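In PDB author numbering, the protein residues as written are 1 to 56.
Think of the CB as a built atom: it goes at the ideal place given N, C-alpha and C, for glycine as much as any other residue.
Heads up, the thing below is written out as structure tokens.
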């Protein structure tokens with residue numbers, strides 16, 4: 001797991017996790033998502049950068 005700061009790697013995380021665009025998630029489908037994500041308090045920016053929501 002060589003994610004970034006404030007980021008975490010999950011072998012089963014919200015595939016349609018929330019982001020700077022969609023602060024409201026709701027799963028993408030019947031299948032978790034393996035990869036790095038934004039920790040609780042951070043949002044992923046189009047630039048695949050997990051930046052705080054207050055910094056959006």
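Item                                                                                                             : Value
Residue 12, buried or exposed, once every other Cβ within 10 Å from all chains shown has been counted against 16 : exposed
Straight-line gap, residue 7 to residue 36 (C-alpha atoms, nearest Å)                                            : 6 Å
C-beta contact flag for residue 23 and residue 52 at 9 Å                                                         : no
Assigned secondary structure, residue 45 (DSSP; H/G/I helix, E/B strand, else coil)                              : strand
Residue(s) in a DSSP beta bridge with residue 132                                                                : The chain is shown from 1 up to 56; residue 132 falls before or after that span and cannot be answered.
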